[PDB]
Each structure stands twice: as structure tokens, then as C-alpha cells.
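Okay, structure first, notes after.
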Amino acid sequence: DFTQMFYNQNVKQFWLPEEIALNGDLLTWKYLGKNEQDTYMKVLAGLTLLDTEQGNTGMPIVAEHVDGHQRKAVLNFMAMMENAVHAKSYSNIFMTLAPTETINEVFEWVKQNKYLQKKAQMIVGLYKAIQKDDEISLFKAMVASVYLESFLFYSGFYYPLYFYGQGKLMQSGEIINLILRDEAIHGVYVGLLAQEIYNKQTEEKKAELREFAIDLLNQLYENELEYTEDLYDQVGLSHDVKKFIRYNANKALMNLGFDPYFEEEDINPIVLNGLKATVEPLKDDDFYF
Amino acid sequence: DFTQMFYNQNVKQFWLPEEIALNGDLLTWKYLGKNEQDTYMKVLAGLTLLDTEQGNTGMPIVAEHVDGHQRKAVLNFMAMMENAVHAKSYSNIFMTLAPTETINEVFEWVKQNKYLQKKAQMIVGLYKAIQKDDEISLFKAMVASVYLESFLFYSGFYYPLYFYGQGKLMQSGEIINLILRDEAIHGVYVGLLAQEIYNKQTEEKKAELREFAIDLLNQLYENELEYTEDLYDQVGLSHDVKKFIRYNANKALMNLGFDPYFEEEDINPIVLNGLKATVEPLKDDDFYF
Amino acid sequence: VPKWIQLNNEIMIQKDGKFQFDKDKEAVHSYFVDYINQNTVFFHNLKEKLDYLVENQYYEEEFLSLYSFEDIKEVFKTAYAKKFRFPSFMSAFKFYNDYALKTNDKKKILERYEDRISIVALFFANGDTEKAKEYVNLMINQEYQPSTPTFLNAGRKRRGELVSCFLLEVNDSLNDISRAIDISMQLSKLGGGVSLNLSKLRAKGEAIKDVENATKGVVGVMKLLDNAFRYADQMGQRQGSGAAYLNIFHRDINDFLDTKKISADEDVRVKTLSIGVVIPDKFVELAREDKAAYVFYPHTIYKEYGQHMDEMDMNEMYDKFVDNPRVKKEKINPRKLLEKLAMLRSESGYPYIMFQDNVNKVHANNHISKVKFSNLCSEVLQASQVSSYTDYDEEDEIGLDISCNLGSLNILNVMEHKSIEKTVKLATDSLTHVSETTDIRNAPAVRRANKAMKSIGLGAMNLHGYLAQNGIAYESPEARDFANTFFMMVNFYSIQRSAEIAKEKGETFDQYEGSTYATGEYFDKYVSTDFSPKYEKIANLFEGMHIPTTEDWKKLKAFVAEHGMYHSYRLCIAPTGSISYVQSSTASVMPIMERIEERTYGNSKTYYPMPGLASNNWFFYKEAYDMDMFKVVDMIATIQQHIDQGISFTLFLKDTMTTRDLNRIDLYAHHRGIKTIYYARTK
Amino acid sequence: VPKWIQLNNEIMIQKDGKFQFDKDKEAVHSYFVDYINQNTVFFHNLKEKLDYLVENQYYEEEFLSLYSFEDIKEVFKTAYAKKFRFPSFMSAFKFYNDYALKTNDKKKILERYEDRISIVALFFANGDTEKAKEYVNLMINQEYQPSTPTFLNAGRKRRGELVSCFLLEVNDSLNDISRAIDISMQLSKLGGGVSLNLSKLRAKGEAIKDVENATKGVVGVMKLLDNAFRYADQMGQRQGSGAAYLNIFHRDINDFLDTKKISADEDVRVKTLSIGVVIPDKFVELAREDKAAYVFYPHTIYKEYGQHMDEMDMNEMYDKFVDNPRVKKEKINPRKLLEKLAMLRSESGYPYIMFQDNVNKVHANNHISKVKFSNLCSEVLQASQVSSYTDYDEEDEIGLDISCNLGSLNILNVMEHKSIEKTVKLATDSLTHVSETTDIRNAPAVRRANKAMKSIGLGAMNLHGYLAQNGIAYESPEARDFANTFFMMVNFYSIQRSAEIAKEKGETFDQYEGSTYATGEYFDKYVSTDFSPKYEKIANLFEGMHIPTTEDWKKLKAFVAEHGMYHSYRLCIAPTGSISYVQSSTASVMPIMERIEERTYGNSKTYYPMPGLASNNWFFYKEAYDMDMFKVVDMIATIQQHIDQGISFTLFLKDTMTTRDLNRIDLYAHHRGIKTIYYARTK
Ligand SMILES: Nc1ncnc2c1ncn2[C@@H]1O[C@H](COP(=O)(O)OP(=O)(O)OP(=O)(O)O)[C@@H](O)[C@H]1O
Ligand SMILES: Nc1ncnc2c1ncn2[C@@H]1O[C@H](COP(=O)(O)OP(=O)(O)OP(=O)(O)O)[C@@H](O)[C@H]1O
Ligand SMILES: Cc1cn([C@H]2C[C@H](O)[C@@H](COP(=O)(O)OP(=O)(O)OP(=O)(O)O)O2)c(=O)[nH]c1=O
Ligand SMILES: [Mg+2]
Ligand SMILES: [Mg+2]
Ligand SMILES: [Mn+2]
Ligand SMILES: [Mn+2]
Ligand SMILES: [Mn+2]
Ligand SMILES: [Mn+2]
């Protein structure tokens, strides 16, 4: 009911890194404090590292196990965007803002970071556990994918959106906004594929899959809180970032056809500024009473 | 030495079939004989099948086994083109020219056609035989992919080109030329990767790999002859198409770093005839003359 | 979180397995002892308050100048003597958020409930202190509720218009289409919902002066109207709401419906304009017999006969249209069109369904015009004459564009006070005043129809609340008996008040002499059939009140024949969406959607129980979705037999049922005499 | 493939390394031997033809009844005595596919070129057989070409209006916006391109009746206008074309511009509404000095000063607006805005650029009004007064809405016949007749301004063709010398004819006494500067024709002082899209885009070489994209110094040049006195 519509929306959102000139960001970058520059670098590396997993494994593995030519094509398109567009865009932002030696050091740090690694390996673990012709293991991986696309990226997206909403780092913020817009549709699409599997299950199996999804969300959420304090306490933003994580967790759940887990909260206004019934024929004698 | 330039070439060649309006072919299509329309539909259906498998299976699997994020980005982009752009374009052509029943019938015809099933069996079999960290199985699949890109498509491409060259079906022909332009660079790129693996081998191993490549080519060739006769005898063109596929077989061998295997022949000259802005800021001197 | 918010959320925290409904009351107290009393603006006396509201352009000084300050003080004292208390938190919250007058910066509350009621009563009375006190007693007892436009805007300087709904007839011309767009923008600027009849517009592929296949059909006009309503959106406060009505025999009826399909392209999809379909009995007959029907090109029919397709009876002219070679038509499957209607209503709740023959078989003003379309809420069903808007520097032929003033009786409060007659007469007087003081300077047909028809709409609310609080199931025959008797009483006293106003003013509505009121036909079923309750429980419910008999109806018929009627239309049952909260009443005569509704305001969530919900009447407050739609249709038809205009009848459907069930409900509604169907809300 | 199409495609086939241009001539013969004569309806005599055309509602009876049949036959004989032959296949194809009258079934040809020319001449003369013969000799010599509306529709009963350029002023009110939408629809129905000034409309976030943040801005009005123009599309024949002009100091200017960005959403982008930006000298000064500029809220300025922002001189008002606290404004970077304009023009060719002070420093009717905006083709520059369209049953204040009358001189044919004076005067008379016979009953301000101003636009075309066939490069100083002399003579004879018409009829245009014509200021540069050619080649080109000197200009100034001037505006150079094909001429005064243009009609390809193109003049027919845009600007300014209105000036850019080059061309155009810039076509 939905793949051709998503095909259309995906291909019409096509873009390339070269379209946004990045050099003019240096005019606001130079005015940020060391903690702001440090947080930005670390967040950026976090997003880069997670998105690489999605391009090399997450999207291609789902495309491999999903049946249907049109779905495979949409999934291929999404994998292309990760590897050919998003990855080059993150690299471009880095090369503009930091010298080569600084980039290498930030990636060394973030590569060793406990909270980034915990979430990266949790997601990758579920992708590696998919078994041929087993729709349960595929569903679990799709849940992981939706959580990455619609939830885990957002502790990171917060900061570029925060600057973007203030008039700072506008060129890289525009790039991030385009990336985020792609991840949003990726999350919604994979969510619909997961719901298709979920709806084929018994009531007991459904309850079991719900417990899986909530348990996974809880593990990731508790690590996100630690990840958040680790990066954002030094710039005083953690309270507001936490509200943004929960709001996006609720969107991820809704993508999977589940109820929101967290109470509704308002979001930081600067970040906001940055951001069929069954047809049954009439059988006659329905006109007589 | 080459991936970056292929990356740039592939992304700059990006297109969608919807860019080309097809209603202009309606009259030249209406005017073709029933035999001509039948061959044309079947030819494009055979192409659709090849691109379906190249996009779903061939390109993603080669991407999985080739090392390097940039090489993977090129291969992922090529995969997307196969199933999200090329395979879909044929449906755009079908939906314009043919009624639904004729479309349904031709897709049923691909499923039961023995030559098309044999060529798919052979090519996809080699893709699925790739073993992780086994460069020889990978080479064999890359040879198969080059043969699909640079040889097997051409029994199909002949007919749209033959019409384009006579000023007939020129909108459909424009789509086909764009597809052909893509496959030519895909065949070269995969050819270069295959040569990398071949060049690592002992002389004895190389001799075996040439045997594999030539045996495979001959086996595919013999099947393609029967396929060509089956499609083209009713339009009187089988001998001409055979010359064309031999011509392109030599190009496939050359893409693999091998000498031509078939003698040169005169190809139908009709078929040969078938072949944001940059921004600068305003200086204070631009306001005075 | 606020204290009252916590107290209101304490309702759902069950104690001993039962909901804590009484906690709701506590919430209101908190909401007043912590927010309303602190945020209210108090003056030394009423004189300073009135002066501050007058000079600061909050109140119109003209309506207050008709009373001496002693009389205004007496009216306000009468309002405050009742010591009215909101029984639920949501009632007070809705009043003080949507209807209480606030300052320019909206930081403080200038109007209490008693202040608003006093101002509305003083506006209604037009200089009569005793009448103002009567209105104050009627509204503070919550027996009668003026519509949201009237209640919110009466006596205010920054007010809009007091009329809720406007109905426009669009003639088949570019000048008329442009004038309709202009009038729609003007009336949406005034805040009213605008309904436009597009059945006279020629279909797609018609000729504009001998060049054929030139018209864009009703879909182009629909897009123009959609953009007009988007632009005129009450200064960005409330989204501009419009309705388009098309006859089912129009050739564009499919394209019309395709405007609401969820797969529609952007060049066809219309999103801010509601759609309604007018179905004559001929279409239902064709669908019943499975005979292929024909949709018609309006311009060919107009050329051949000189009249519009919707201007004449399809039941007698359909065969002539089909057999006429000079009339252009397209073959359709009426059953497939019905299934498309059901599918569209399942997907989006559209279109509105107007059974034209059901409306016009009891329409009292067919001589003026037949009812060809309804309003945005599909409850206004009045005669309309299309206007001929000519070229510039040419005189326009101004027709009649429907417009009526809404007001709802609170059935529970009216029957508790045993004051059906007094409440109906006072509400009729208030609606007559609202019509008289309404003057729209940019809608000429609306102004002329308001001046001539003098049509008003007197609705009713809290039918389900009264039935559930009295131990009567909404689907029970006893409930239908109560509705029959109560609405016969309402119709009797509305006709009596209309005739009394006509006698006291010496004038009737325009073309009353040709109406069924003048000929006495309207009273036929009232002078031969007795509408007294057939059940002892309902008769006891009506004790202390004189139920009119056939003799009283005969006397009223003679009185109308002698004096006439001031109002062409008197009763129309609007949905009464948000003002039902303030009155602590269930919405309209519809059954409740849910027993306790969870609504999110700001970052907080609130629970509103249905008025009077408790343990003993939990199952009498049956949810509408759990109810048999056939018995709801029976109730609505029973009420409709006493209502001259229509009733906003929302269908409440379950997800399990199919489009065939929706079609069966629609056909049973048509069979039972239902005039209009509002919405198909699926749970 | 038809024989004439093969003969036309044989042009590209090179023989001896040269294009077979002469083969095109053969194609024409084939196109007449095989197709045109076979499908041309022939009659026994002209009387039968005229009777058949009049009776079958092809022609109008009124204009033919002014002549005896002998006079009409003599006019037709004069037309046919020339034995005119189309020199290229595309000329005849364009005439017989676009302008030749065809039967209702569109399979037969009723009008030849001589028949259409005779009918247009008889319509022009209005009963004078000798004047009709003069018009026939003018049009069959192809010296003058009436615009596509006039040429196509003159003398035809089934026709649109003869004017297709309309400029509307929109006042800041909902009534005025709705009236503007209606008038735009009515004028698009007539077949005209409508330009609307949106600068008087208040920006987004302004107050409506003292409620804040209520206005949707000019973008909502643009959406409404775009829907209106999509709806009114010439009865489904051509896409409805409209233009919107906004002052660059209007605050919505960015959102305005954002309507043309590709990334714009569906609720922001307008697709069938062209946009133009009016740039006062103050904006250019602010960008030049890099000082940050301010975009103002128009309604605050109107409230503070009682006049609209676009109604006063921004050069003297900008500092007062900035220093006024009661005027609301937003900070912008003018250089960033210029770069945005250049980028948008690179992407889509929008917006049109109007240099307000360049227009108004030579505007002769600044007393009536300053030119605030241009037309859809950005060449009509006239004084306009906004209208106050009030509510219903209230008298409107009708202003002046521009609608000028188009007609183009063929510079090659005019100069080879040595008939600048006669052609200019006859074209002025024909334009006056068409302006007098235009009566639009749905556009009150357009009709009032047509009656009062009597403004006509006399354009020129085949400038590049004439220069190339005479061995003159378009960018050469000799070409600019020729343009200066030729257009000074055109202006001289246009002014002389206007004064002669004023003397004959005894009336001038309304408010002529305040114009610079009456005060003699207009003739200042003409009574002091001699515009005779400075090059011997150009003087030899003008041999046989009297070139007006300073004494002749002094005599003309005295004549205008004594007798007045009938037309407020006389000369405007329109793009001349399809009539340039029929006349075998290059379009407007623009340089040619391609030497040979390839077109696709149906499923066939066709080739049109530029008129007179050969091996000898192949180099002189330089393509516009290869030319230096500074020299094109110089030529257009040289012409503009003799044109009272503007010139449709399209920029021709290569894909290599950036937005800095586009901005440099725009700033050099502003420096050189260019009034309007039409399009930025990128190769
Ligand atoms: N439910 C309610 N509805 C309306 N007004 C209320 C409500 N609850 C409190 N108020 C307002 O807040 C005031 C608080 O007084 P409260 O009701 O607690 O009793 P009180 O002080 O004994 O006096 P009284 O009840 O006689 O007004 C009330 O006088 C009234 O103005
Ligand atoms: N290039 C052309 N442009 C316009 N009309 C043409 C052209 N060529 C032919 N015709 C039309 O076809 C007719 C035949 O012209 P042709 O060249 O055969 O010789 P002719 O001496 O001009 O003929 P006729 O006896 O018709 O005057 C012309 O009279 C004219 O109506
Ligand atoms: C002008 C115009 C009209 N119409 C349709 C809508 C109107 O309902 C219908 C009538 O237009 P009219 O304004 O009545 O046009 P007309 O009076 O000149 O033609 P006629 O004499 O036949 O009445 O034409 C379009 O669809 N598109 C258009 O652009
Ligand atoms: Mg008409
Ligand atoms: Mg105003
Ligand atoms: Mn990504
Ligand atoms: Mn993604
Ligand atoms: Mn391919
Ligand atoms: Mn390929």
C-alpha cells in the first residue's frame, strides 16, 4: 500500500554535498568557545560513525532479507543515500572545520568512547543476528534500524540544530537538516516494513515482540542519558537534550505502530527554529427494510 | 587511482525516467507491425529481468565483498541505478505504450522463457557463490557482472537503438541511451576491479581464470544466439543482432583486460546512428563602471 | 503541573474499583481558587468595570446605552444571585479559555460567566430590563445557550458576526464564481462557515460561448474556493472552513469526490473545503433497481430547458433528460457511486449526504425554492435563490443566500425547570434579535435573505445526558418517545412564538403566503396524530408541563392562519461542539462518543467525564460507537419529524464494519426520512 | 513526412560545406503547393466569401458595413496586388497555424495572408477606403505588424480582446484583493496577460483591524492569483499567464522571491505567476555602499504617513522610515538580496527587474503617478493610480490601470522602404483606433485608463536582422548609432502623430497639462543634442529619409505646446514572440538566440534560419549568448533613451558565468539607464 509513494518521496528528496558551500561557516566557527567546538566535533563524529554502520550493514542487510522488487529498490536507494551522500557530507563538514590531525584525534576518541560504542554495537549486533527466512529476527533488526534512524541520531542532531536556530554554522546546519530529513523518511519506511511482520504474528508473539521493543528502547534510552551528560554538561544543555531524546523516542515508537512511552514535553524553541475500510459490494435487499 | 573519478561520473549522470515525457512515442508505436511490437516488448522485458537481478543481487553482493568506503559508495550507487532507475524505466515505457493485459503477458513470458531463465540462473548462481575473503569466487562473479553489463544487455539494446536511428520511438530510445551510457561505465568499473584480483595471481592461476572467463563467455554466447533467434526471426533481424552481440562481447573481454575473441564485422549503420549556478559575492568594484 | 490538573487527573485513579468523579468537582474549586480568582480583574463596582470595558474598546456602547446603569446593575445582580457553579473543571476551563473576555495581551480575565451572560442578555433585550432579566435567568439556569458566535461576540466591540453558518448559491458564470469567492472570503473574515452550492456550475468539458471542452468543471472552482478559505482564516486564529455541495447527478460528481481521496494528486486534492453530496430519491431508486444511471452536464440542460439541473425535480425530469438528445450525459453505476461514497466516508468522513427528497417532502417553503444543499454542518436546510452577479456597471440580480442564527436548548435543564414553553419562546426572541441586528455589507444575497426569510435555528443539546441521567437507554423506544414528545413541544412553542412575533410586528417572512404554514398543510400530522408520550415513565418525565394535543395544534394552526409566521425557518439542530462543555451537556442530540474523554491542552492532559456520569448511570451513558446505528437513525428521524430544518447527524462506526454496512446505514437513514448525514467517524 | 518538411530539413544537410538556405524557399513552395492551397477554402467571388464568413459568425458585421462592397474589394485587390510570398517555410507555417482563420472543425483555411491583412486594414480604417488601402500597403510590405491579439482577432466575431497587456493596482484590503482576483480572471478570459502590483499590500505579520500577526502577506495573495490564473486559461487553450510585482523594500520581498525557488514547498511556490521586483535607486545605493538595508511593513508606513510605501519617493523617504519608531522594519543585507536575485534569475529567469528611478527620471507623467511596476513582459511603464474597491452597495473609487496597445515596426522593411515617418504615423493611427475600440466591462480601472490616458505601445523588431543583413555587428558602435538615429526618428514621428491627432480631435490625454510634454521638458535633450548618425555607413543607410534635426525638434516642441499630445504613452518594445516568424524578422530589438533554430511540431522536426542568413552574413548574425552583455545593455539603453516606456530586455547568459556576472550586468543596466530587465536565459 505504500512502497511506490515512498519511492516518489525518496527520489524527489535527492541531493548532493556539493550543492551547499561550506566555507562561510568559518565566520561563526571561530567565535565558539573550546567546549562548544569540542562538543560539536564529538557529536559530528558520533553521527558519522553510526551512519556508516547504517550504510555498510543496516540498509543493505534489510534490503537483502525483505521480499519484493519495489521494496528492494527503495531500500537500495536509501543505502545509496547513506554511503554516497550522507557519508561524503559528514566528511566535507569535518574537513572544513578542523585540520587533518584534529579529525583523526576526535575519531580516535569517539571510537574508544564507552557510550557511543555501547549503542553502536547493540544496533550492529541485531543486524548480525538476522537469519535467512526468519521474519522474527528480521523484525528485531528493523526495530533496531528504526531506533537508529528516528531516535539515536537525535542526541547528536540537537547541537547542529541548536546552532542553526541561532544563525551559527548555517551551511553545515543546512546539510544536517537535509540528512535528518532523509533519516526521518528512512525510519518511517522501515517502520512500516516492521509493522507488516508484526501484524502477521499471533497475539502471544505480538506481546513478546512488544516486550522486545520496549526492553531494547529502555537499554538504549538509559545509555543515551549517559551519552548526553558526557557531551552536553560542558555546554549546559543536557536537560533540554533529554527532552528532545524522549520526544524522538516517541516518534520512533509511533513509526513501529506502538504507543508513545514518554509523556509529552515542549522542545527548546531554538532547536525548533532549526527544525481504508473493507470494500464490500451492495448485495441488494440492503435497499429494503 | 580511479574510484573518485567514477564516483563523480556516476553521480553526475544521475537521472529519472520521469524527466522524459513518453506520450510522443504513441504514434510511431501504434504504426509498428504486431511482430515488431511483440519483439520490442519482449526485448525490454528481458532487460528488465537482468536489471532486476543486477540491482537486487549482483551490485549489492559485490559491494559487500569489495573493501573501501569509496569503492562501496560507487557500487551502492550503481546498484540503486539498476533497480530504482533502470528496471523501473522499462515499466514507464510499458505503461505508456501497452495495455495492462499485454504488460501482464510479457512478465509471465519472462518467467517461462528458457533462455532468459538459463542466463539468470548462470549469472545469479555465480553472485551467490561468492565466499567471504575468497577473491577467486569474487573475480568469477565480477566476470559474470561484466558479461551482464557489456555483453548480455546488447541483444536487448539493439532494437530500441535500431528504431532510434530511424527516427522512431525516440523518447523510449532516449531512456535506453541513458541506461546504455550507465552500463558502459558500470562494465568498465567492475572490469577494473576484476583485473585487480586477476593481477594478484600466479601465471598458472591466471591461465585458469582466462579459461573460466572464455568458457563462461562461450556458454552465455551460445544461449544468447538461441534467445536472439527466438526474438528476432519474426522481424528479420537475427543475423544483424548476432553481429552486434559479438561486437559487444569483445568490449566485455576488453573491460576484463583480455584480447578480443570474435572477428570484426560491419554493424547496421542504423544502430550506429542510434548511438543551481556558481555563486560569487559582489565586490565593491562591481558597483562602479 | 497545576493543582486542578492533578485533581482532574485523579478521576481516572480508581478507588475501590470505581472512578473518582467527585475529584472533578474539587478540580473546579482549585481552578477557581488558584487561577480564575487570581487572574480575574476586579473593580470597585460595576460602574468602573463597564466604563473600563467601554472606553478600552471591549464593549459596544450602543447596546449598553439603552439601559440606565441601575437597570444594568439589576441585571448583573440577577445573574450573580443564582450563585452558578461549574460542576466540572472542563466546563469552566472551556468558558474561560474560549468565551470569557480577556485583556488585549490576554494576561487577565475581564469577564466572568455571570458577566458574559449579563452582557449577552442585555444585548438580547435591546433596552428591556425585564426581558434582560428573563434572558439572564434563562442562561444562568443554562436552559438556553446562544451559539458560539453569539455567546462569544455579543456586545463586544472587537466582535465578528453573530451568525455561525452561511450558504451561498453560485451561478454558472465567471462573474458569479468570482463574486462567490469574494463573499466566501468576506464571510470567513467575519468568522462564519461558508457553504457553496456548486451544482449550477457546468461540468468539465463544457462550452464557454461555442468553444467546447473549455470548462474546468466544479473542481477548478473548488480549488479557487479552497485557496480563498485558506487565505481568509479568521486572521490566522481559526482555520478557514468551507463546504462545497454538489448534486449526485452532476457529471463532476466523481471528480468532486476525488477531491477527498487520500491518493488524489495535488492539482485535484482539496484539503480545507468540506464536500457534501445531494442525493435525490431518483438516485436511490436507480441504485436499488441496479439500473445504470446517468450524470448530466448542467449547461446543456440549462440551454435546452432554460432552468438549471438542480432547479427542477429530478424524480420527474430524469427520464426527459435521458431521452433528450440535446442534453449531454455520462453513464454511471449508481451502486458503484454509493460504494464510492461509503468508501470515502470511511476513509475521511466525507462527503456530507443530503437526501434532497427527504428534505423537500416536508419543506414548508418549496414555493420560494427547493432546498438544494446544506451548510458546513449539514443541518441548515432552507430555500435559496441563486443570484445573477452581472458585469461591472451592470445591476446585479440579488437572490437569497441562506443564513440562520444558532441557539441550543439544554434538554436536561429545560425539562428539570419544566419550562419548555418559556425557554423556547425566549430563545426564539433572542434568535430573532440576532437576525434583526445582523447586517452584512459584503454579502448582498445573505443580507437580503436575512431581511426577508428571517430564518433562525433553535437547536437542542444534552439529549443523551438527560436520557442517561434519567435511566433511559438512548436506543430504547422510551428515548424515542421522549424525543418525539419533547421536540413536538419545541416545534409547537416555536411556531407559537413565531406567530406571536408576526402578530406583534404585523409582518411575516417574505413569500409566507405560499408556504405550507399559510395553507395549513404543515399542521396536518399535528392535527390528526397525538404526540403525547406512549410510556408512563416519559409521561411522568413530562409532568407539570402541558403537552400540546391535537386541539392545541388546531388552535395554533388557526392562529398562524390569522397572523402568519415571522420566521421561515425556526429549528435546526447544530453539532454544538465546544459550547456544550460550558453548559455541562452532551453535544447536540447525538449520543456521546466516549464516557470520559482525554484531551491534551498545552503539555498537560485532562479528563472530562460526561455530565452526570456515575456508577449507577455508567451503562446508560453508552458510547455511540457501541450503539446500533439503525436505532440512532430511528432517534434522529423521530426528532427530525418535528424539526423544519435538518439535524447534524454524525454516524459513529466501528473499524470492523465494512463499506456495505455504511451504505446500509445511509439507505436506512434515507428510508426513515433522515434529511442529512454529517460525518462518518470511525473508532 | 511531408515533402515541405523534408525540403526544410534539407537545410542542415551541408553541400560544399555550406547550409542549403535556399532550399527553405523551395519548402515554402511545397507548403503551398501540397498543403495550403489544397486546404484553403475558395469562393466564386469575394462577395460570397464575405457573406459566408459574416453569416457563419467568423467576422463582425459592424466593421464591414462601414464600407461599400466595391471599397472592400478594392482593398482586397490592393492586398493581393503585392503578390506577397513568404520567404521561409516557418513564416507561412506560423501564420497558417496561429493566425489564419480556420473553420469550426479546424481542417480548412478560410483566410490567406492577404485576406487577414485586408480584414485588419478595414478594421483599422473604420470606414475610410483610402486609409484601409494605406494600411494594406503597410502590412503587405510588412513594414508594420499589429500585435498577436490585434492581428489575430481584428474583424473576428469569435475573438478575445485586442489588448493583452494589463497592469492592475491592488489596494491593501480584502475587497480590493478579491476585486483584483476577479479582474485578473476576467482579463485572462479575454486572453490578456495580467500584471498586478502587490507593493501596496501589507506584509506578513501585520495587523488587520488592530489584531496582531494576522496578515498572510503578499504570498497568500500570490497563491490566490496563481489559482485564478490557472482557472482562467483562455477556455483551455493557453496556460493562464500572470505577473506579480513587488517593491524590493517591501518586507515580503524574500518570501516573494522564495515563491520561485525550486526548494519551495507546495504552499509557497507559485508556478503560473511570474514575479517582478521593483528596485529603487536607494536599494542600489545601499548595496553599493554595503550599508545594511531595511525592508518595511507597508501598513505601518501607511498608518504613519497616510500614503502607501510605493506611492512616495524612497530616496527621500528611506531615512525617515528608518528613523521613525512607528514604522516597523526588518534588517536585510542588500548585497545578499542582489545575490539572491541573481541566483534566482540563473535558476529560473525570475524575477523581472524594474529600476524605478531609471523609469521615473524620464517619465513624462510623474504628475499623474510614478511608474511603480511593469507588465508581464516588463516593457510597459506607465503611471497608474490605485482603485478603492469598497464593500457592496457602496461606490468604488476607480483609479487608473494600465493597458497599452501593442504594435511593432519591422526595422528592415521600414528602412528599406525609406518610410519611417509614414509607417510610424499609420501605426500610431491604427493603435489609436484599437485603443478607442477597446471596451472592457469587467475591469473598471483598465477601461477608465484606456479612455483617459489613450496610451499605446509602438514597438520595433528585426533590429538584429536589419543590422546583420547590412554588415553591422549588433555590438558595434555603428549598430548603436543606427539604433539611436532610427528610434529618435520613431519618437519624433510618434510625437508628431500624437500631436496631430490631438489637434484634429481637439483633445489630449487626461492630465496632459502637467506632463513634461506640456512643459517642454521632454524635448530638452532633443532641442540640444543632435541625433544624426555619427558614422558614414549609418548616414548612407538613412539616405533618402529626412532625419529630424534640433530645429525640427524645436518645431515639434512648439507644435506639442500649441496642440497637446493625444497619447500619454506611445512607444514600448514588446518581445514580439510569434509575429516575428510571420514577418520573417528577428524578435524585438533583442539579438538572435540561434542562427538556425530547431523546433518539434507534432512528431516532425523543422528548421528556421534567421531571416536573410547566408554565408556572407553568417558572422554578423552572432548569437546572443556569444555576445558581450555589456554591449547589449549599451544598445538597449541607446534605444531606451528614445522610448517613453520600457523595452523587453532579456539577458542571454552562458552556463559558465556566475551570479556575480549576472549582478554586474544588472548593475551596469541600472547605471546605463536600463528601465527593465526581462529574462535571464542561460544557454
Ligand atoms: N465551581 C465554581 N464555579 C464557579 N465559580 C466558582 C467555583 N468554585 C469557586 N468559584 C468562585 O470562587 C469563589 C470561592 O468561594 P467558594 O466557592 O470556595 O466559597 P465561599 O468562600 O464560602 O463563598 P461562596 O460559595 O458563597 O461564593 C466563589 O465565591 C466563586 O466566585
Ligand atoms: N512562397 C510562397 N508564399 C506565399 N504563397 C505562395 C508561395 N508559393 C506559392 N504560393 C501560393 O501558390 C500559388 C502558386 O504560385 P506559383 O509559385 O506556382 O506561381 P505563380 O505565378 O505565383 O501562380 P499564380 O497563378 O497562383 O499567381 C501562388 O499564387 C500563391 O497563392
Ligand atoms: C472564463 C472561464 C469560465 N469557465 C466556466 C466556469 C463558469 O461556470 C462557466 C460560465 O462562464 P461565463 O462567465 O458565463 O462565460 P460566458 O458568459 O462568456 O460564456 P456563456 O455565454 O456560455 O455563459 O464557464 C471556466 O471553467 N474557465 C474559465 O476560464
Ligand atoms: Mg454566462
Ligand atoms: Mg482596510
Ligand atoms: Mn544517513
Ligand atoms: Mn538513514
Ligand atoms: Mn542497468
Ligand atoms: Mn549496470
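Residue numbering in chain C adheres to Swiss-Prot, whereby the residues present occupy positions 6-688 in order.
Per deposition record, electron microscopy, 4.6 Å.
Keep in mind that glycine also has a Cβ here, set from the backbone N, Cα and C atoms.
Copied from Swiss-Prot, the annotated features are:
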{"type": "BINDING", "residues": "C:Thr153, C:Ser169, C:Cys170, C:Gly198, C:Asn380, C:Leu381, C:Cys382, C:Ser383, C:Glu384, C:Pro580, C:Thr581, C:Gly582, C:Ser583, C:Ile584", "note": "substrate binding site"}
{"type": "SITE", "residues": "C:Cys170", "note": "site 'Important for hydrogen atom transfer'"}
{"type": "DISULFID", "residues": "C:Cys170-C:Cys409", "note": "disulfide bond"}
{"type": "SITE", "residues": "C:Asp177", "note": "site 'Allosteric effector binding'"}
{"type": "SITE", "residues": "C:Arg207", "note": "site 'Allosteric effector binding'"}
{"type": "ACT_SITE", "residues": "C:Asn380", "note": "active site, proton acceptor"}
{"type": "ACT_SITE", "residues": "C:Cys382", "note": "active site, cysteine radical intermediate"}
{"type": "ACT_SITE", "residues": "C:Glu384", "note": "active site, proton acceptor"}
{"type": "SITE", "residues": "C:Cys409", "note": "site 'Important for hydrogen atom transfer'"}
{"type": "SITE", "residues": "C:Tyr683", "note": "site 'Important for electron transfer'"}
{"type": "SITE", "residues": "C:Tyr684", "note": "site 'Important for electron transfer'"}
At a 10 A cut-off on CB-CB distances, which of the binding-site residues C:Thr153, C:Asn380, C:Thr581, C:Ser583 has the highest count? C:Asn380
If you count the other CB atoms within 10 A of the CB of C:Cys409 (disulfide bond), including all protein chains displayed, you should get 34
Distance, C:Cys409 (disulfide bond) to C:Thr153 (substrate binding site) (CA atoms, angstrom): 13
Using DSSP, would you call C:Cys170 (substrate binding site) helix, strand or coil? strand
What span in Å does the substrate site cover, taken as the longest CA to CA distance among C:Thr153, C:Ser169, C:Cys170, C:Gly198, C:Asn380, C:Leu381, C:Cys382, C:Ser383, C:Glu384, C:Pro580, C:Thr581, C:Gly582, C:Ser583, C:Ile584? 19
Of the recorded sites C:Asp177, C:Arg207, C:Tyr683, which one has its Cα closest to the Cα of C:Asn380 (substrate binding site)? C:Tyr683
Mind running the recorded positions C:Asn380, C:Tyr683, C:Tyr684 against ligand 5 and keeping the ones whose CB falls under 6 Å of it? none
For C:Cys382 (substrate binding site), the number of neighbouring Cβ atoms whose distance to its own Cβ is within 10 Å equals 29
Just the number: how many Å between the Cα atoms of C:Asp177 (site 'Allosteric effector binding') and C:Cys170 (substrate binding site)? 23
Sort out for me which one of C:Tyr683, C:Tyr684 has the most neighbouring CB atoms within 10 A, since those are the recorded sites we care about. C:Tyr683
C:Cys170 (substrate binding site) CB neighbourhood, other CB atoms within 10 A: 27
Work through the binding-site residues one by one (C:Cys382, C:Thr581, C:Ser583) and name whichever has its CA nearest to the CA of C:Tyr684 (site 'Important for electron transfer'). C:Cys382
Given the recorded positions C:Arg207, C:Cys409, C:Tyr683, which one's Cα is the least distant from that of C:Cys382 (substrate binding site)? C:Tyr683
Same-chain residues six or more away whose CB lies under 8 A from the CB of C:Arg207 (site 'Allosteric effector binding')? C:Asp177, C:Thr220, C:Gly222, C:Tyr302, C:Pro303, C:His304, C:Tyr307
Within a 10 Å radius of its Cβ, which of these recorded positions (C:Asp177, C:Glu384) has the fewest neighbouring Cβ atoms? C:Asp177
Going by C-alpha positions, which of the recorded positions (C:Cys170, C:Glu384, C:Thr581, C:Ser583, C:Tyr683) is nearest C:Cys409 (disulfide bond)? C:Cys170
List the Cα distance (Å, whole number) between C:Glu384 (substrate binding site) and C:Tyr683 (site 'Important for electron transfer'). 8
Could you list, ordered by sequence, which of these recorded positions: C:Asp177, C:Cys382, C:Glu384, C:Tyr684, have a Cβ under 6 Å from ligand 3? C:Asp177
For C:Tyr683 (site 'Important for electron transfer') and C:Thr581 (substrate binding site), the CA-to-CA distance in whole Å is 13
Please go through the recorded positions C:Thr153, C:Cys170, C:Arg207, C:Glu384, C:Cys409, C:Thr581 one by one and keep those whose C-beta falls under 6 A from any atom of ligand 4; give the result in sequence order. none
